[PDB]
Amino acid sequence: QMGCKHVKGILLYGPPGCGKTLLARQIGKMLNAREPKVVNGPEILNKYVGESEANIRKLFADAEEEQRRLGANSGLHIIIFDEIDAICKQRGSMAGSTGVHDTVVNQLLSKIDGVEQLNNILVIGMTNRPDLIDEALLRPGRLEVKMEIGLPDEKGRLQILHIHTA
Amino acid sequence: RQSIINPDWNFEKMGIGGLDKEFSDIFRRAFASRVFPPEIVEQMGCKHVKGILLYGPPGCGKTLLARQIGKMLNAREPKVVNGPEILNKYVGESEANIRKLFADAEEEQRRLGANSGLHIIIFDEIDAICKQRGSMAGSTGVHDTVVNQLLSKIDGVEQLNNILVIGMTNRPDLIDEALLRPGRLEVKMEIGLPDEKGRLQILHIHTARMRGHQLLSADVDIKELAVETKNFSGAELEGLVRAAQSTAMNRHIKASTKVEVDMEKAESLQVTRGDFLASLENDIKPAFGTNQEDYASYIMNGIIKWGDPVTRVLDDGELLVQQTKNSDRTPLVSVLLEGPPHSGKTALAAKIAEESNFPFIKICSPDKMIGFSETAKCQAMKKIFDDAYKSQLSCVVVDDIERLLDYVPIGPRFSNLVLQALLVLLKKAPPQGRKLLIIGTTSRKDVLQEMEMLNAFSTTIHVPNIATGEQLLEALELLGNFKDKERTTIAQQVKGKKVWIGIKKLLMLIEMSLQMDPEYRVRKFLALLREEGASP
Amino acid sequence: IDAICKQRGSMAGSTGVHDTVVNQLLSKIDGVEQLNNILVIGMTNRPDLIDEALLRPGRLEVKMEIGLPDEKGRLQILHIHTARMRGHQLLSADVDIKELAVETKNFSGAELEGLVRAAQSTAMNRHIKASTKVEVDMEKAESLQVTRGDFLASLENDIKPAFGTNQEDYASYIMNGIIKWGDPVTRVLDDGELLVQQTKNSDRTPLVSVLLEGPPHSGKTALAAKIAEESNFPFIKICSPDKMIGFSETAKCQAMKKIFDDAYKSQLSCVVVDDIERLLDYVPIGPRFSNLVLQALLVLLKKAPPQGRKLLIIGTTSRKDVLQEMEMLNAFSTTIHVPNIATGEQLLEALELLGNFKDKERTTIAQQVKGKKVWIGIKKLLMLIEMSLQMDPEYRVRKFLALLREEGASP
Ligand SMILES: Nc1ncnc2c1ncn2[C@@H]1O[C@H](COP(=O)(O)OP(=O)(O)OP(=O)(O)O)[C@@H](O)[C@H]1O
Ligand SMILES: Nc1ncnc2c1ncn2[C@@H]1O[C@H](COP(=O)(O)OP(=O)(O)OP(=O)(O)O)[C@@H](O)[C@H]1O
Ligand SMILES: Nc1ncnc2c1ncn2[C@@H]1O[C@H](COP(=O)(O)OP(=O)(O)OP(=O)(O)O)[C@@H](O)[C@H]1O
Ligand SMILES: Nc1ncnc2c1ncn2[C@@H]1O[C@H](COP(=O)(O)OP(=O)(O)OP(=O)(O)O)[C@@H](O)[C@H]1O
């Protein structure tokens, strides 16, 4: 009765060792949905023409099929991008990785939000260099919830020490 | 005989606001000849348009328009191409993909002739497969063959009259120049930020359903929200509404052990104006608007009136703002604020810009260009100035010019490229109908005069130091640190002398003096003040 | 034809398919076996890239270049693309085709056809009235007629040439028009007319140059633009420093070379080079500048176009002595001086033609100025007037006079 869509992405950034991968792992296994998909850094690149984009497109197929078949009764699908700064970077700045990186960025942008509408996905990204990411991927309707994980204070250190000596 | 438009199509049903003129132009130029009676159009002996291009900044509603156009026509199911979806690794397999899209249109044209329907094709992110021919030395050779095939298929020896192509891009300057001629993609449109009368429409469109079911409180006024949200794109208004709804819905869910919904209270769910205010404070931050963070960072300790000169500077600033906003014989005006070091001339420029009340305000500072070469500095300046030509009223502040040119008295040495760019950028007028104000600050007027740079600026304003004992006493009183017993002792010594000190240094002197013992502070303050010297 | 046929030394990330195709075409067109009943037609946009072995006589002999038409060709195309309308009495009688042919300069056939199509659509759209439901009238639909206003509106809004328009350029270079505040303006325009005539008529000196010099804020760019506009040549272009922000030496040289190469293609052309001291980066300290651009200018100022073609060049600057020290003042044929305002009568006439400080205020100003000499440029006078107008009605003449005094003088 409100006509509102669901948020479609999260981004986490901060210095090393402060608990970004742990939080994503724990969120992945808190939900009733099926197993999540994990991309371990730049593991989609391929030497042949038009193969990286196919690897990108292959991540969303199940979501599209379930959305078409069921509609508003579908489940939830999760994708996790680890070290996302190694793939998505500002378009038209670098040498384009020989025209490869621009195509990958365009494909990802087209798949996340395009003419065909999805409502059953959640994308999580984690990075150490937040300033190198494309500006068109961090807008509302896309990865729009940005969070910073920093050093803890005395209470946080006490909580961690209680956690690790139980 | 069947009408091309759907029987039940209605403009208000599309759900688009703030783009009335764009849709009117598109409809007139694309669909005017497909609705007129066939015999007269045949007598005119004219052909149909077969192309549309949409460009603009992100989030302003390009894909939405294409989708609504696709669903407005009683035709087939439009084909959709998502980015570089056609490439293939086998030789000659990425061109068959291009050829395959027109195979139905060609067949129907051959069979039914002039009584065929309409076939739509949508290219999303077209600049991924249609860059100029020759650039981008991909050594595969698959990036020119595709462009040639597309060009030869859109308009070639064999003629088609039952197609329509829609393209959408963010970088219109990279498309091939042969694809945009009046025979291939004739209609070109720019989708930009809306104004108040468009923001109101967007907010109404996105709040109609909530209003229908009495889920919106009675103390929320849409007009005030439209006035308050300046230079917001279409996406950000929807994001704001979403954040407000989430804040409203989160009050009935307690989650310390196991997600548990109140359920009872959920009956009386209402969205209040406090949620909207909280969402504007924390969640949504625009890109072409103004942010309180910059003003808070550049005016740290506020502005105190320790004398008359402050008021003079502010009044002159106001006069220049008014001239910029209400004149057509001079669309571009610039001023230079100058004075001795530590006199506080950055905060004053920031205050003037803040009080101007223009929609777009930006500050170009060297704090964000550490280690840059002069080429990168020119690129950053050019980008900041280009972003300001897409607004009806703009203000730009250039801070610490001598740090921008990399100046050092020895030699002397500086950067010529940045100087020339800045000299050429102070006289380029904006597109007709737009206004721009520039405020530059510096502390070395003689150097700028020697560089023939005072002919570019229109006027100069002077920011002075504290020059009398009464002014120093008034500043101390307004700051409120030394009490009457100590203020009398200070006045005994300073009243019979002239002083020469800046506010930014007076604050430092006061905090240095405040660290000694309670009965030793006045002596140290006087010693520091005397040692500072005057040397006017 | 350039998609498949290209030089054999090419893409090295190749599987060997783009060379065997060229060899098979060469061997099939003209090989050991002989044919006498074939004809091959090829179309291309990049003739240079094609293989040289395919262009020798006996394989591809007749090479033809299709270019932009002239006024007569434009008239022919406009007549071809309106015959059907004219035959059925669908075209109004106030439409003058010759005026269109004159106005549409640098257009090609496709752009002219698009102009006609847009004009037709603007007329068809006056009957289709639909804000919430499509519905054609069909009552007035039998009285459809395309008028002159439709053509004018479509020319202003929709269709734009791809070879430069100069409408917006002339809009932005001459922003406040030209006002005859004195005698010097007429002299400058007369000298420009004489130079244009000499370029047009004389055949023994195909190349002519001139330099417009004067103190800053005198209005030297507007006068040059006006002279170029009144020249009425087929080709006119302005080379400005404000379209090369951030460029290096090589990029600037390339841009000027491209502009001059385009100029050499036509039959008689005019070119404007404004702000020479900003084109080559001059700064008094040092001094510093770019030698590459200076050498390019000195070389291009004396190069004659191919026989039977004529070129005029107009350069503007505000520092004559600097150009003299580089020995550039000797590369120009002659010079023209653009002076400032020097007398009270000229200032009063300028105020009269500008339309400000009417009646008694003018009398007060005249009383205060006539007993002195003045030294002010035209461009700064507008700034002073707009600055003075922001005061209250009782403090407008006083502020204007104070600013004028503070301006100073230095003949
Ligand atoms: N907030 C925390 N509470 C408890 N343990 C933590 C916390 N943050 C980090 N750790 C510990 O740190 C380990 C590794 O940290 P983690 O991999 O989450 O960091 P990271 O930010 O991904 O590091 P990197 O930037 O190198 O990828 C975890 O397995 C956990 O033991
Ligand atoms: N004029 C508008 N009226 C109503 N909603 C709008 C408008 N413009 C944008 N929106 C909202 O923005 C959402 C996303 O915008 P959209 O995808 O159309 O932008 P875009 O221009 O394609 O952006 P991108 O540059 O990323 O492609 C739409 O679903 C809609 O909710
Ligand atoms: N009346 C006032 N006018 C200006 N600044 C004031 C006033 N009252 C307090 N201040 C504070 O004084 C400080 C002035 O420092 P600011 O950086 O603006 O000076 P500056 O001359 O630009 O410095 P520098 O010459 O070292 O670059 C700021 O913290 C400002 O908030
Ligand atoms: N009689 C006139 N002659 C020339 N320009 C005039 C005249 N009357 C009004 N103008 C206007 O005055 C302006 C002249 O400024 P212009 O930019 O041509 O000067 P400039 O000498 O190039 O200045 P700068 O030294 O800054 O380069 C134009 O807007 C022009 O339309």
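The first residue you see is number 1, and the count goes up from there.
If you're wondering, the header gives electron microscopy, 3.1 Å.
Any Cβ shown, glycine's included, is placed from N, Cα and C.
Quick look at what Swiss-Prot annotates:
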BINDING   C:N176, C:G177, C:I178, C:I179, C:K180, C:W181, C:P216, C:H217, C:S218, C:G219, C:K220, C:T221, C:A222, C:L223  ATP binding site
BINDING   C:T221  Mg(2+) binding site
MOD_RES   C:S240  phosphoserine
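Structure with Swiss-Prot features highlighted.
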residue: C:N176; record: ATP binding site; Cβ neighbours (10 Å): 13
residue: C:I178; record: ATP binding site; Cβ neighbours (10 Å): 14
residue: C:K180; record: ATP binding site; Cβ neighbours (10 Å): 12
residue: C:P216; record: ATP binding site; Cβ neighbours (10 Å): 13
residue: C:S218; record: ATP binding site; Cβ neighbours (10 Å): 23
residue: C:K220; record: ATP binding site; Cβ neighbours (10 Å): 26
residue: C:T221; record: Mg(2+) binding site; Cβ neighbours (10 Å): 19
residue: C:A222; record: ATP binding site; Cβ neighbours (10 Å): 20
residue: C:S240; record: phosphoserine; Cβ neighbours (10 Å): 18
Chain B, Cβ under 8 Å: which of the binding-site residues C:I178, C:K180, C:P216, C:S218, C:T221, C:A222 qualify: C:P216
In whole Å, how far is C:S240 (phosphoserine) from C:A222 (ATP binding site) when you measure between their Cα atoms? 13
CA-CA, which of the binding-site residues C:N176, C:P216, C:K220, C:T221 lies nearest the residue listed as 'phosphoserine'? C:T221
Annotated recorded positions C:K180, C:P216, C:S218, C:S240, filtered by Cβ under 6 Å to ligand 4: C:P216, C:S218
Give the three-state DSSP assignment (helix, strand or coil) for C:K220 (ATP binding site). helix
